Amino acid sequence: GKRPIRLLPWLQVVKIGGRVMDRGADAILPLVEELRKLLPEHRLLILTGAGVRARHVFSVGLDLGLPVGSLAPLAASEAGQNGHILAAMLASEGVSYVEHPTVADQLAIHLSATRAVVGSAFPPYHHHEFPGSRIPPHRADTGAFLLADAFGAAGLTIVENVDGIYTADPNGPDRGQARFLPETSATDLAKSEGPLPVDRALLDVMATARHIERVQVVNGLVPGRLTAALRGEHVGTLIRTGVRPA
């Protein structure tokens, strides 16, 4: 196999759900305070998802008939805006938003200059998004995983508005049926039909992953869960990717 080297083995990647950001100050201010306290402990790439505004731009674009390659960058823009908001809240700590080309080619120098940077979790697929679904498949969870695994990062933690993955949507019509899953494999999730709090494409990129062995989904609405997850404590749903350790 001779797996590729780890480019940034000391990096921790944290993906913040766009729906967490959508809650506004009530959710953002505690998260910002938790992130502030984490800056001296970890070297962080903080990546934001898109949330509800992307649903609105999908509503308009689908009504206009636009293809999935048109909707992809329109959604990515909302993740970038969430990133600019979050970075502004951390500016006094030396944190700025960095653009995709900079993340791809200059992340090492930026994390030498400061303890954390913020970027968009969506990948720059743009009009080269894959066809099949009218909804862009490669979204924020998928982008953050592709980047974390390409860098060989020490981890990826996904910060959600729920405790983790359930057997049904815990806010949906089958909500009394929904049982919490403390641990699962990506392959098991991929064989289930039904909604998830993570992109289905995340499960596919986990199958070809070369470094990241597990990803934890934790509730960002509960202070302390992100901090615990970054220390490896089990406070949400662990997803095993199928990368086998030494």
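Start at 1 and count along the sequence shown; that's the residue number.
Higher mean CA B-factor, judged across 27-35 and 184-192 from the recorded values: 184-192. When the mean C-alpha temperature factors of 202-210 and 173-181 are read from the deposited coordinates, 173-181 comes out higher. Taking the deposited Cα B-factors for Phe122, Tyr166, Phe151, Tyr97, the highest one is held by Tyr166. Looking at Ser133, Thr142, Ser112, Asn82, the one whose CA carries the top B-factor in the deposited record is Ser133. In the deposited entry, the Cα temperature factor of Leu8 sits in the bottom third of values across the chain's modelled residues.
Remark: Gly18 belongs to the lowest third of its chain, ranked by C-alpha B-factor as recorded. Per the deposited record, the Cα B-factor of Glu93 falls in the lowest third when ranked against the other modelled residues of its chain. Per the PDB record, residue ranking by Cα B-factor puts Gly65 in the middle third of the chain. Compared with the other modelled residues of the chain, the Cα B-factor recorded for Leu226 ranks in the middle third.
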